[PDB]
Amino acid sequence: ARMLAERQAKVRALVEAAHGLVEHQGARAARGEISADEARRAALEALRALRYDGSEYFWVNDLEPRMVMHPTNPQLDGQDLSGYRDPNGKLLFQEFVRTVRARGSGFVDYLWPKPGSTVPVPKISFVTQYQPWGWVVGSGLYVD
C-alpha cells in the first residue's frame, strides 16, 4: 500500500501552514506596524518553537543558500550551504533554491538525519518560498 502520497500531503499541508505564518508577519511589516526585522524575528521564533506529529520540524534557509534557522541542527545557522552535500553527493539546499526559484514550491528528496541522531536517512521534504525576504521554508517526512 502506498499510502505515502497521504504523508506527503500532510507535510505539504504543514509547510503551507508555515508559509501562512510567514506571509502573515510579512504583511504586518508591509502595512508598517512592525519593522521588517521584527516581522522576521517573530516568524523565526514561531518556526523554531513549533513541532508537529511529535518531532517533525521546519527550517528556513535563504537563496544564497545560507541557513537562517535550523532547529535540530542549529550549528548550521548562518553557514553557507552552497556545496553542502548529503552522503550521496546531493547539493540538497542548492536543489531547494532551484526548485522554489523555478517552480515556486515542490518536493525534494535527499538524505538527512532524524532529530537526535547523526546518520542521514531517506527524507522527502516540501519546500516553499517567501520572496520578499528571499526565504525558503521547508519540512520533510522520513520515508522509513
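Residue indices: 1-based, along the sequence shown.
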task: Name the higher of the two by mean Cα B-factor in the PDB entry, 118-126 versus 6-14.
output: 6-14
query: Once you work out the mean C-alpha B-factor for both 85-93 and 50-58 from the entry, which is higher?
result: 85-93
Maximum C-alpha temperature factor, selected from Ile34, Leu111, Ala43, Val68: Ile34
- request: Would you check the entry's CA temperature factor for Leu63 and let me know if it's in the chain's lowest, middle or highest third?
  value: middle
query: Lowest, middle or highest third: where is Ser105 by C-alpha B factor in its chain?
result: highest
query: With respect to C-alpha B-factor, does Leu76 fall in the lowest, middle or highest third of the chain as deposited?
result: lowest
